[PDB]
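> Before I ask anything, let me first share the structure, which is written out below as structure tokens.
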Amino acid sequence: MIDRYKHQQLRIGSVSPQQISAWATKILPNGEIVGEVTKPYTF
Amino acid sequence: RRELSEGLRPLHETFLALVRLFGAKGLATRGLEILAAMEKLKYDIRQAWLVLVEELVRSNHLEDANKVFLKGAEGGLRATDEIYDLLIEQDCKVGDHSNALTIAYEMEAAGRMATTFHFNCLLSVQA
Amino acid sequence: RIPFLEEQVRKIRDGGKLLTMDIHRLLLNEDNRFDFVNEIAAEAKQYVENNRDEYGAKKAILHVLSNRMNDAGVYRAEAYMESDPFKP
Amino acid sequence: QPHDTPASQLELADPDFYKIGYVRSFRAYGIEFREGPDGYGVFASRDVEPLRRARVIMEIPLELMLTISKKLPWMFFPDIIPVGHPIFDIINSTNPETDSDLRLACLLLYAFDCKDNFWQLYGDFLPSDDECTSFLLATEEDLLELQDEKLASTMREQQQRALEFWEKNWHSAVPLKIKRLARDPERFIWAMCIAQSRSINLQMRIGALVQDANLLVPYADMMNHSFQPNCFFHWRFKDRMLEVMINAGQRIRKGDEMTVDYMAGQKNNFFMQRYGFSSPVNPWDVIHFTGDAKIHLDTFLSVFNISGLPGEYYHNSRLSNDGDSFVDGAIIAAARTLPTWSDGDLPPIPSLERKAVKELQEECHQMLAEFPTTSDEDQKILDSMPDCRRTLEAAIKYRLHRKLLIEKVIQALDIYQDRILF
């Protein structure tokens with residue numbers, strides 16, 4: 001009797017200063033890079 | 001077509017020879033129509049299907065052979081142990097694991113359980 | 001042959017205790033009680049995918065169980081539905 | 001008017017036969033047991049339409065049957081032999097591979113001498129020494145009348161072995177516990193005959209132990225034999241009950257004869273050796289040909305509509321039904337035993353097959369004349385004796401079936417030689 005052989009591997013690790021940019025940096029219509037917070041007051 | 005035009009159903013040996021010739025030439029798509037013609041004539045398409053898959057395997061046509069085997073297995077047609085072994089051996093020697101695992105599942109569902117040989121082939125592709 | 005025994009028989013047939021016996025009888029031929037549940041769920045899904053409204057009398061699971069009990073020689077109602085004829 | 005059914009010719013059995021089992025946990029659904037001259041049989045009393053799954057017709061509990069394991073540690077799951085009884089020394093002093101009927105016979109003899117046991121009440125329905133068809137209870141005259149030297153030699157050797165076992169185990173210095181079991185040497189022979197003609201080998205599971213054992217089950221030995229069966233035995237481990245279930249898809253009408261398969265895939269000689277039964281439509285009986293003539297196999301299967309793999313030959317009715325009523329088990333056995341040749345898809349030559357069919361026919365004629373008698377003479381002898389011994393009846397039926405198989409092979413060869421040229 002062969003099993004179904006389900007394989008799931010949850011991996012953890014410390015992020016790199018290059019991979020951190022892949023989360024917040026998004027594209028825009030004009031092309032300006034956005035994703036940085038530069039103002040202290042939010043509202 | 002000449003024999004069929006006069007309103008006479010052909011024999012089983014003629015259809016078997018036609019299926020063997022179409023399988024030796026690699027023309028897999030032209031064998032399913034012959035199998036359907038045998039089915040509409042109230043024949044049995046088990047031995048013809050086995051001859052088709054065996055001749056497709058022996059003629060260096062593996063993908064179409066596995067396709068024909070999977071198409072015939074879903075319809076309730078079981079196969080011999082020798083074909084079950086040959087398909088797995090060839091698919092593992094080529095490097096195809098998906099079709100080998102599907103054939104192994106169909107084999108275990110039909111009634112024959114896997115032996116060491118089968119698992120060994122699968123492990124070869126896995127390692 | 002006890003004479004005064006029809007009342008509890010009618011109570012069993014009406015309250016719905018037949019299903020509790022049928023489930024236990026069907027669990028006498030299967031090794032695992034989980035593969036049986038999976039098979040019944042798959043059969044009910046296949047029967048409800050064909051005809052949505054015509055899943056049976058009321059539901060599909062009861063219909064599947066009634067079909068499985070009627071193929072073994074035990075007459076059962078359609079999806080275990082028997083209305084009360086004495087309701088004004 | 002009464003409906004003409006194969007079950008209507010027989011009369012209903014004694015209601016005590018079912019009453020002695022219904023008091024236990026025995027049930028029989030949609031079945032009616034009917035006794036005739038040959039013996040009891042199980043028939044149907046309700047039209048069973050083609051079902052998607054099997055339907056149970058018998059539920060026989062474990063505490064109603066005997067059981068002896070096939071391996072070396074002899075475990076009797078229905079514990080009826082107390083520890084210390086000297087019958088276990090007789091059961092244990094046997095070869096664990098060649099003689100398994102001796103242990104079943106000893107267990108049956110002991111069960112016949114134990115109170116509150118079901119077999120003390122069921123033994124009244126078992127065949128006696130005059131209505132049994134086994135060849136152990138036969139004479140030298142009937143064995144010589146069989147016209148088969150090897151089968152007669154085997155039966156004589158088996159009778160000798162039974163007598164020697166009884167003489168070696170039931171001597172004079174034996175305690176009375178064993179002596180009262182089989183006082184006469186015929187009782188042990190009858191016990192062996194019952195244990196050999198009614199045993200069923202089935203892999204049973206109780207608790208966590210899965211083993212194969214030889215069990216004598218009541219109410220299931222009444223099932224007749226048929227090479228196209230309708231039912232099969234199934235073991236239910238949740239309740240420790242054996243089931244007889246109809247096959248899935250087969251249509252059973254009222255009055256049909258419920259049958260199972262005894263020794264599926266065996267020659268017609270072992271049937272006569274064990275059960276004392278012979279059938280002319282056996283699809284596995286072998287006919288030995290010494291000639292070198294070889295007929296064509298694929299054309300022979302195509303002309304008789306025998307479609308299927310060499311392991312499973314069936315007649316395809318939807319190809320030809322009325323046209324081919326000749327197609328029975330005999331032609332299948334012929335196609336399995338005929339010397340055949342096949343070289344790819346090369347078409348056969350009519351001259352070669354026409355020259356081979358006559359050689360096969362003359363070989364069949366020279367092998368048929370070896371018997372001292374003929375077919376019509378045995379056919380008249382079988383019904384010339386209205387009430388004769390069962391062994392002589394079985395022997396004359398065996399000879400008649402052999403001759404009828406030879407004649408059927410000859411007629412099939414004639415049909416093949418005259419129908420190959422359409």
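Starting from 1 in every chain, residues are counted up; chains themselves are A, B, ... following the order of the structure tokens, and ligands are numbered from 1 as listed.
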Within 8 Å of range 356-359 of chain D, counting only C-alpha atoms, which residues qualify if same-chain residues fewer than 2 places away don't, as an MDAnalysis selection string?
chainID D and resid 291 293:295 352:354 361:363 413:414 417
> Residues at most 12 Å from residue 78 in chain B, counting only C-alpha atoms, excluding those fewer than 4 positions away in the same chain, as a list in words?
residues 45, 46, 47, 49, 50, 69, 70, 71, 72, 73, 74, 82, 83, 84, 103, 106, 107, 108, 109, 110, 111 and 112 of chain B; 309 of chain D
> Would you put the residues from that selection into a file with N, CA and C atoms, as a PDB file, in the first residue's frame?

```pdb
ATOM      1  N   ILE B  45     -12.494  -5.067 -25.875  1.00  0.00           N
ATOM      2  CA  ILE B  45     -11.354  -4.234 -26.236  1.00  0.00           C
ATOM      3  C   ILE B  45     -10.258  -4.338 -25.185  1.00  0.00           C
ATOM      4  N   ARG B  46     -10.193  -5.470 -24.485  1.00  0.00           N
ATOM      5  CA  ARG B  46      -9.153  -5.647 -23.476  1.00  0.00           C
ATOM      6  C   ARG B  46      -7.838  -6.091 -24.109  1.00  0.00           C
ATOM      7  N   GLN B  47      -7.855  -7.230 -24.805  1.00  0.00           N
ATOM      8  CA  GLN B  47      -6.631  -7.744 -25.410  1.00  0.00           C
ATOM      9  C   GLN B  47      -6.106  -6.801 -26.484  1.00  0.00           C
ATOM     10  N   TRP B  49      -6.420  -3.526 -26.464  1.00  0.00           N
ATOM     11  CA  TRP B  49      -5.796  -2.417 -25.749  1.00  0.00           C
ATOM     12  C   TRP B  49      -4.431  -2.814 -25.197  1.00  0.00           C
ATOM     13  N   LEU B  50      -4.311  -4.045 -24.693  1.00  0.00           N
ATOM     14  CA  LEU B  50      -3.020  -4.514 -24.203  1.00  0.00           C
ATOM     15  C   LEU B  50      -2.002  -4.611 -25.332  1.00  0.00           C
ATOM     16  N   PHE B  69      -2.761   3.947 -21.823  1.00  0.00           N
ATOM     17  CA  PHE B  69      -2.965   3.098 -20.655  1.00  0.00           C
ATOM     18  C   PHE B  69      -3.837   3.789 -19.614  1.00  0.00           C
ATOM     19  N   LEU B  70      -3.590   5.075 -19.361  1.00  0.00           N
ATOM     20  CA  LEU B  70      -4.411   5.800 -18.399  1.00  0.00           C
ATOM     21  C   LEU B  70      -5.829   6.004 -18.912  1.00  0.00           C
ATOM     22  N   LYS B  71      -5.999   6.156 -20.228  1.00  0.00           N
ATOM     23  CA  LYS B  71      -7.341   6.303 -20.779  1.00  0.00           C
ATOM     24  C   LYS B  71      -8.120   4.997 -20.681  1.00  0.00           C
ATOM     25  N   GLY B  72      -7.436   3.863 -20.838  1.00  0.00           N
ATOM     26  CA  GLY B  72      -8.113   2.582 -20.751  1.00  0.00           C
ATOM     27  C   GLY B  72      -8.340   2.103 -19.334  1.00  0.00           C
ATOM     28  N   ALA B  73      -7.490   2.526 -18.395  1.00  0.00           N
ATOM     29  CA  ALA B  73      -7.638   2.079 -17.015  1.00  0.00           C
ATOM     30  C   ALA B  73      -8.818   2.749 -16.326  1.00  0.00           C
ATOM     31  N   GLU B  74      -9.123   3.998 -16.686  1.00  0.00           N
ATOM     32  CA  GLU B  74     -10.245   4.698 -16.072  1.00  0.00           C
ATOM     33  C   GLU B  74     -11.588   4.084 -16.444  1.00  0.00           C
ATOM     34  N   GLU B  82       2.650  -8.195 -16.359  1.00  0.00           N
ATOM     35  CA  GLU B  82       3.832  -7.917 -17.168  1.00  0.00           C
ATOM     36  C   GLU B  82       3.802  -6.499 -17.728  1.00  0.00           C
ATOM     37  N   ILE B  83       2.628  -6.022 -18.144  1.00  0.00           N
ATOM     38  CA  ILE B  83       2.517  -4.646 -18.617  1.00  0.00           C
ATOM     39  C   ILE B  83       2.700  -3.669 -17.462  1.00  0.00           C
ATOM     40  N   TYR B  84       2.124  -3.987 -16.299  1.00  0.00           N
ATOM     41  CA  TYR B  84       2.318  -3.161 -15.112  1.00  0.00           C
ATOM     42  C   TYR B  84       3.795  -3.013 -14.776  1.00  0.00           C
ATOM     43  N   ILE B 103       0.598   4.934 -12.488  1.00  0.00           N
ATOM     44  CA  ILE B 103       0.416   3.528 -12.833  1.00  0.00           C
ATOM     45  C   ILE B 103       0.505   2.654 -11.588  1.00  0.00           C
ATOM     46  N   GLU B 106      -2.793   3.001  -9.777  1.00  0.00           N
ATOM     47  CA  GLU B 106      -3.824   2.238 -10.475  1.00  0.00           C
ATOM     48  C   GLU B 106      -3.639   0.739 -10.271  1.00  0.00           C
ATOM     49  N   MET B 107      -2.387   0.282 -10.204  1.00  0.00           N
ATOM     50  CA  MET B 107      -2.114  -1.128  -9.950  1.00  0.00           C
ATOM     51  C   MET B 107      -2.594  -1.533  -8.563  1.00  0.00           C
ATOM     52  N   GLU B 108      -2.264  -0.730  -7.549  1.00  0.00           N
ATOM     53  CA  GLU B 108      -2.700  -1.050  -6.195  1.00  0.00           C
ATOM     54  C   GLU B 108      -4.212  -0.933  -6.046  1.00  0.00           C
ATOM     55  N   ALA B 109      -4.852  -0.073  -6.840  1.00  0.00           N
ATOM     56  CA  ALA B 109      -6.306   0.021  -6.792  1.00  0.00           C
ATOM     57  C   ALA B 109      -6.969  -1.157  -7.493  1.00  0.00           C
ATOM     58  N   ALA B 110      -6.341  -1.687  -8.545  1.00  0.00           N
ATOM     59  CA  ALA B 110      -6.914  -2.827  -9.253  1.00  0.00           C
ATOM     60  C   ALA B 110      -6.858  -4.099  -8.419  1.00  0.00           C
ATOM     61  N   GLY B 111      -5.897  -4.201  -7.504  1.00  0.00           N
ATOM     62  CA  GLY B 111      -5.809  -5.361  -6.640  1.00  0.00           C
ATOM     63  C   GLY B 111      -4.398  -5.845  -6.372  1.00  0.00           C
ATOM     64  N   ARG B 112      -3.492  -5.646  -7.325  1.00  0.00           N
ATOM     65  CA  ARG B 112      -2.112  -6.089  -7.164  1.00  0.00           C
ATOM     66  C   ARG B 112      -1.333  -5.054  -6.364  1.00  0.00           C
TER      67      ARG B 112
ATOM     68  N   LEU D 309      -8.672 -13.358 -22.682  1.00  0.00           N
ATOM     69  CA  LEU D 309      -7.288 -13.747 -22.482  1.00  0.00           C
ATOM     70  C   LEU D 309      -7.201 -15.247 -22.200  1.00  0.00           C
TER      71      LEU D 309
END
```
> Return as a ChimeraX atom specification the full set of residues in range 56-111 of chain B whose backbone-based DSSP assignment is helix (DSSP H, G or I).
/B:56-58,62-73,81-94,98-110
> Write a file of the selected residues as a CSV table (one decimal), in the first residue's frame, keeping N, CA and C atoms.

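To be explicit, this is the file written out as again_26.csv:
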```csv
chain,number,residue,atom,x,y,z
B,56,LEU,N,3.1,0.1,-28.5
B,56,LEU,CA,3.6,1.5,-28.4
B,56,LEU,C,4.8,1.6,-27.5
B,57,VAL,N,4.9,0.7,-26.5
B,57,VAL,CA,6.1,0.7,-25.6
B,57,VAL,C,7.3,0.2,-26.4
B,58,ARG,N,7.1,-0.9,-27.1
B,58,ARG,CA,8.2,-1.5,-27.8
B,58,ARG,C,8.7,-0.7,-29.0
B,62,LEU,N,6.7,6.2,-25.6
B,62,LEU,CA,6.3,6.1,-24.2
B,62,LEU,C,5.2,7.0,-23.7
B,63,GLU,N,5.2,8.3,-24.1
B,63,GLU,CA,4.2,9.2,-23.7
B,63,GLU,C,2.8,8.8,-24.1
B,64,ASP,N,2.7,8.5,-25.4
B,64,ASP,CA,1.4,8.1,-25.9
B,64,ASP,C,1.0,6.7,-25.4
B,65,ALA,N,1.9,5.8,-25.1
B,65,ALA,CA,1.6,4.6,-24.4
B,65,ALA,C,1.0,4.8,-23.1
B,66,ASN,N,1.6,5.6,-22.3
B,66,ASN,CA,1.1,5.9,-20.9
B,66,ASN,C,-0.3,6.6,-21.0
B,67,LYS,N,-0.4,7.5,-22.0
B,67,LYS,CA,-1.7,8.1,-22.2
B,67,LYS,C,-2.8,7.1,-22.5
B,68,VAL,N,-2.5,6.2,-23.5
B,68,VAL,CA,-3.5,5.2,-23.8
B,68,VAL,C,-3.8,4.3,-22.6
B,69,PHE,N,-2.8,3.9,-21.8
B,69,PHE,CA,-3.0,3.1,-20.7
B,69,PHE,C,-3.8,3.8,-19.6
B,70,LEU,N,-3.6,5.1,-19.4
B,70,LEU,CA,-4.4,5.8,-18.4
B,70,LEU,C,-5.8,6.0,-18.9
B,71,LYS,N,-6.0,6.2,-20.2
B,71,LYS,CA,-7.3,6.3,-20.8
B,71,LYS,C,-8.1,5.0,-20.7
B,72,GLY,N,-7.4,3.9,-20.8
B,72,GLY,CA,-8.1,2.6,-20.8
B,72,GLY,C,-8.3,2.1,-19.3
B,73,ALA,N,-7.5,2.5,-18.4
B,73,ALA,CA,-7.6,2.1,-17.0
B,73,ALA,C,-8.8,2.7,-16.3
B,81,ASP,N,0.1,-8.3,-15.2
B,81,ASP,CA,1.2,-7.9,-14.4
B,81,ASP,C,2.5,-7.5,-15.2
B,82,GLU,N,2.7,-8.2,-16.4
B,82,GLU,CA,3.8,-7.9,-17.2
B,82,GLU,C,3.8,-6.5,-17.7
B,83,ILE,N,2.6,-6.0,-18.1
B,83,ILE,CA,2.5,-4.6,-18.6
B,83,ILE,C,2.7,-3.7,-17.5
B,84,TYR,N,2.1,-4.0,-16.3
B,84,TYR,CA,2.3,-3.2,-15.1
B,84,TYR,C,3.8,-3.0,-14.8
B,85,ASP,N,4.6,-4.1,-14.9
B,85,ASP,CA,6.0,-4.0,-14.7
B,85,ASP,C,6.8,-3.3,-15.8
B,86,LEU,N,6.4,-3.5,-17.0
B,86,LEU,CA,7.1,-2.9,-18.1
B,86,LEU,C,7.0,-1.4,-18.2
B,87,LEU,N,5.7,-1.0,-18.0
B,87,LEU,CA,5.5,0.5,-18.0
B,87,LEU,C,6.3,1.2,-16.9
B,88,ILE,N,6.2,0.6,-15.7
B,88,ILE,CA,7.0,1.2,-14.6
B,88,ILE,C,8.5,1.2,-14.8
B,89,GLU,N,9.0,0.1,-15.3
B,89,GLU,CA,10.4,0.0,-15.6
B,89,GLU,C,10.9,1.0,-16.6
B,90,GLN,N,10.1,1.1,-17.7
B,90,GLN,CA,10.5,2.1,-18.8
B,90,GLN,C,10.3,3.5,-18.3
B,91,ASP,N,9.3,3.9,-17.6
B,91,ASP,CA,9.1,5.2,-17.1
B,91,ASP,C,10.1,5.6,-16.1
B,92,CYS,N,10.6,4.7,-15.3
B,92,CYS,CA,11.7,5.0,-14.4
B,92,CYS,C,13.0,5.0,-15.0
B,93,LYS,N,13.3,4.2,-16.1
B,93,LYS,CA,14.5,4.3,-16.8
B,93,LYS,C,14.6,5.6,-17.6
B,94,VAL,N,13.5,6.1,-18.1
B,94,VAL,CA,13.5,7.4,-18.9
B,94,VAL,C,13.7,8.5,-17.9
B,98,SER,N,5.9,10.9,-12.6
B,98,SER,CA,4.5,11.1,-12.4
B,98,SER,C,3.7,10.0,-13.0
B,99,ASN,N,4.0,9.6,-14.2
B,99,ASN,CA,3.3,8.5,-14.9
B,99,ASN,C,3.5,7.2,-14.1
B,100,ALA,N,4.8,7.0,-13.7
B,100,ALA,CA,5.1,5.8,-12.9
B,100,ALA,C,4.3,5.7,-11.6
B,101,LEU,N,4.2,6.8,-10.9
B,101,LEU,CA,3.4,6.8,-9.7
B,101,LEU,C,1.9,6.6,-9.9
B,102,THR,N,1.4,7.2,-11.0
B,102,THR,CA,0.0,7.0,-11.4
B,102,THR,C,-0.3,5.6,-11.7
B,103,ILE,N,0.6,4.9,-12.5
B,103,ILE,CA,0.4,3.5,-12.8
B,103,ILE,C,0.5,2.7,-11.6
B,104,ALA,N,1.4,3.0,-10.6
B,104,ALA,CA,1.5,2.2,-9.4
B,104,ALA,C,0.2,2.4,-8.6
B,105,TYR,N,-0.3,3.6,-8.5
B,105,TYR,CA,-1.6,3.8,-7.8
B,105,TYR,C,-2.7,3.0,-8.4
B,106,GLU,N,-2.8,3.0,-9.8
B,106,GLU,CA,-3.8,2.2,-10.5
B,106,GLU,C,-3.6,0.7,-10.3
B,107,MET,N,-2.4,0.3,-10.2
B,107,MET,CA,-2.1,-1.1,-9.9
B,107,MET,C,-2.6,-1.5,-8.6
B,108,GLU,N,-2.3,-0.7,-7.5
B,108,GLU,CA,-2.7,-1.1,-6.2
B,108,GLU,C,-4.2,-0.9,-6.0
B,109,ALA,N,-4.9,-0.1,-6.8
B,109,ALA,CA,-6.3,0.0,-6.8
B,109,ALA,C,-7.0,-1.2,-7.5
B,110,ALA,N,-6.3,-1.7,-8.5
B,110,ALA,CA,-6.9,-2.8,-9.3
B,110,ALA,C,-6.9,-4.1,-8.4
```
> Residues of chain C no more than 8 Å from chain D, counting only C-alpha atoms: send them over as a PyMOL selection string.
chain C and resi 28-29+71-73
> Can you pull out the residues contacting residue 15 in chain B? Cut-off 12 Å, using only C-alpha atoms, and skip same-chain residues under 2 positions away; I want them as a compact mmCIF listing (two decimals) with N, CA, C and O atoms, in the first residue's frame.

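The file below, selection-v7.txt, is the result:
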```
# COMPACT_ATOMS: atom_id res chain seq x y z
N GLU B 3 -14.36 -3.90 -46.59
CA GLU B 3 -15.08 -4.96 -45.88
C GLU B 3 -16.30 -4.40 -45.15
O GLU B 3 -17.34 -5.06 -45.09
N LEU B 4 -16.19 -3.19 -44.60
CA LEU B 4 -17.30 -2.62 -43.85
C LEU B 4 -18.41 -2.11 -44.76
O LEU B 4 -19.57 -2.06 -44.35
N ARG B 9 -19.47 -7.24 -40.57
CA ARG B 9 -18.59 -6.86 -39.47
C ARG B 9 -17.29 -7.65 -39.54
O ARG B 9 -17.32 -8.87 -39.70
N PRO B 10 -16.13 -6.99 -39.45
CA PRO B 10 -14.86 -7.72 -39.54
C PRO B 10 -14.64 -8.61 -38.34
O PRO B 10 -15.31 -8.51 -37.31
N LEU B 11 -13.67 -9.51 -38.48
CA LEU B 11 -13.33 -10.45 -37.43
C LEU B 11 -12.44 -9.79 -36.38
O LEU B 11 -12.02 -8.63 -36.52
N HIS B 12 -12.15 -10.54 -35.32
CA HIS B 12 -11.31 -10.01 -34.25
C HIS B 12 -9.84 -9.98 -34.65
O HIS B 12 -9.11 -9.07 -34.25
N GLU B 13 -9.39 -10.97 -35.43
CA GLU B 13 -7.98 -11.03 -35.80
C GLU B 13 -7.60 -9.87 -36.72
O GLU B 13 -6.49 -9.33 -36.62
N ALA B 17 -4.74 -7.16 -35.82
CA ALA B 17 -3.61 -6.86 -36.70
C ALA B 17 -3.56 -5.37 -37.02
O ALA B 17 -2.47 -4.78 -37.08
N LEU B 18 -4.72 -4.74 -37.24
CA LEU B 18 -4.74 -3.31 -37.49
C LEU B 18 -4.23 -2.52 -36.29
O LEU B 18 -3.45 -1.57 -36.45
N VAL B 19 -4.65 -2.91 -35.09
CA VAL B 19 -4.18 -2.23 -33.88
C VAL B 19 -2.68 -2.42 -33.70
O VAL B 19 -1.96 -1.48 -33.34
N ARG B 20 -2.19 -3.63 -33.97
CA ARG B 20 -0.75 -3.88 -33.86
C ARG B 20 0.04 -3.05 -34.86
O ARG B 20 1.09 -2.50 -34.53
N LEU B 21 -0.47 -2.94 -36.09
CA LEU B 21 0.23 -2.15 -37.10
C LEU B 21 0.22 -0.67 -36.75
O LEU B 21 1.23 0.02 -36.95
N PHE B 22 -0.90 -0.16 -36.24
CA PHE B 22 -0.96 1.25 -35.86
C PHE B 22 -0.09 1.53 -34.64
O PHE B 22 0.45 2.63 -34.51
N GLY B 31 -5.30 4.40 -33.28
CA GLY B 31 -5.67 3.15 -32.65
C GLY B 31 -6.91 3.27 -31.79
O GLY B 31 -7.67 2.31 -31.64
N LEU B 32 -7.13 4.46 -31.23
CA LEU B 32 -8.31 4.68 -30.40
C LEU B 32 -9.58 4.61 -31.23
O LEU B 32 -10.61 4.12 -30.76
N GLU B 33 -9.53 5.08 -32.48
CA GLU B 33 -10.70 4.97 -33.35
C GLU B 33 -11.00 3.52 -33.69
O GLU B 33 -12.17 3.12 -33.75
N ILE B 34 -9.96 2.70 -33.88
CA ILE B 34 -10.18 1.28 -34.14
C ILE B 34 -10.74 0.60 -32.90
O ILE B 34 -11.60 -0.28 -32.99
N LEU B 35 -10.26 0.99 -31.71
CA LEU B 35 -10.82 0.44 -30.48
C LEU B 35 -12.29 0.82 -30.32
O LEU B 35 -13.10 0.00 -29.89
N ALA B 36 -12.64 2.06 -30.68
CA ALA B 36 -14.04 2.47 -30.62
C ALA B 36 -14.89 1.70 -31.63
O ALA B 36 -16.04 1.36 -31.35
N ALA B 37 -14.33 1.43 -32.81
CA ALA B 37 -15.05 0.64 -33.81
C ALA B 37 -15.26 -0.79 -33.33
O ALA B 37 -16.30 -1.40 -33.60
N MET B 38 -14.27 -1.35 -32.62
CA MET B 38 -14.46 -2.67 -32.02
C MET B 38 -15.51 -2.63 -30.92
O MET B 38 -16.29 -3.57 -30.76
N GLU B 39 -15.54 -1.54 -30.15
CA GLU B 39 -16.50 -1.43 -29.06
C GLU B 39 -17.93 -1.31 -29.59
O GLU B 39 -18.85 -1.91 -29.03
N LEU B 41 -19.05 -2.63 -32.20
CA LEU B 41 -19.41 -3.92 -32.76
C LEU B 41 -19.59 -4.99 -31.69
O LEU B 41 -19.55 -6.19 -32.01
N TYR B 43 -17.67 -6.07 -29.42
CA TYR B 43 -16.49 -6.88 -29.14
C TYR B 43 -15.96 -6.58 -27.74
O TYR B 43 -16.58 -5.86 -26.95
N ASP B 44 -14.81 -7.16 -27.42
CA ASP B 44 -14.08 -6.87 -26.19
C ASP B 44 -12.78 -6.18 -26.55
O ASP B 44 -12.04 -6.64 -27.43
N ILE B 45 -12.49 -5.07 -25.87
CA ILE B 45 -11.35 -4.23 -26.24
C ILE B 45 -10.26 -4.34 -25.19
O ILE B 45 -9.47 -3.40 -25.00
N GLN B 47 -7.86 -7.23 -24.80
CA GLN B 47 -6.63 -7.74 -25.41
C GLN B 47 -6.11 -6.80 -26.48
O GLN B 47 -4.89 -6.64 -26.64
N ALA B 48 -7.01 -6.16 -27.23
CA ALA B 48 -6.57 -5.20 -28.24
C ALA B 48 -5.88 -4.00 -27.59
O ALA B 48 -4.86 -3.52 -28.08
N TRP B 49 -6.42 -3.53 -26.46
CA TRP B 49 -5.80 -2.42 -25.75
C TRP B 49 -4.43 -2.81 -25.20
O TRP B 49 -3.48 -2.02 -25.24
N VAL B 51 -2.42 -5.14 -26.49
CA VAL B 51 -1.51 -5.22 -27.63
C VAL B 51 -1.10 -3.83 -28.08
O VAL B 51 0.06 -3.59 -28.42
N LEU B 52 -2.04 -2.88 -28.06
CA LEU B 52 -1.73 -1.51 -28.44
C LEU B 52 -0.68 -0.90 -27.53
O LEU B 52 0.31 -0.33 -28.00
N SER D 302 -12.03 -17.49 -32.74
CA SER D 302 -12.91 -16.55 -33.44
C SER D 302 -14.14 -17.26 -33.99
O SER D 302 -15.23 -16.68 -34.03
N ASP D 345 0.91 -12.71 -36.96
CA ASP D 345 -0.35 -12.51 -37.66
C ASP D 345 -0.42 -13.30 -38.96
O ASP D 345 -1.21 -12.96 -39.85
```
> Could you tell me how far CA of residue 62 in chain D sits from CA of residue 131 in chain D, in Å to one decimal place?
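Pair CA of residue 131 in chain D / CA of residue 62 in chain D returns 28.1 Å.
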> Give me, please, the distance in Å between CA of residue 337 in chain D and CA of residue 416 in chain D, quoted to one decimal.
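Between these atoms lies a distance of 15.5 Å.
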> Name the closest residue to residue 42 in chain B among the candidates D:355, D:399, D:318, D:115; distances are taken between atoms, counting only C-alpha atoms.
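Smallest distance to residue 42 in chain B is found for D:318.
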> Could you list, with a cut-off of 12 Å and counting only C-alpha atoms, the residues of chain A near chain B, each shown with its nearest atom pair and the distance in Å rounded to one decimal, rows sorted by chain and ascending number, as a tab-separated table?

```
residue	atom	partner	partner_atom	distance
A:1	CA	B:113	CA	6.3
A:2	CA	B:105	CA	7.3
A:3	CA	B:105	CA	9.3
A:4	CA	B:105	CA	9.3
A:5	CA	B:101	CA	10.6
```
> Give me the residues within 12 Å of residue 77 in chain D as a VMD selection string, counting only C-alpha atoms and dropping any in the same chain fewer than 6 places off.
chain D and resid 62 to 69 204 to 207 209 to 215 240
> One decimal, Å: what's the distance from CA of residue 32 in chain C over to CA of residue 261 in chain D, could you say?
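According to the coordinates, CA of residue 32 in chain C and CA of residue 261 in chain D are separated by 29.6 Å.
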> Using only C-alpha atoms, which protein or nucleic acid residues come within 12 Å of residue 146 in chain D? Drop anything in the same chain fewer than 5 positions from it, and give the result as number ranges by chain.
D: 135, 138-141, 151-153, 155, 269, 272-273, 371-373, 378, 391-400, 402
> Restrict the distance test to only C-alpha atoms, flag each residue of chain D within 12 Å of chain B, and return the flagged residues as a PyMOL selection string.
chain D and resi 297-320+342+344-348
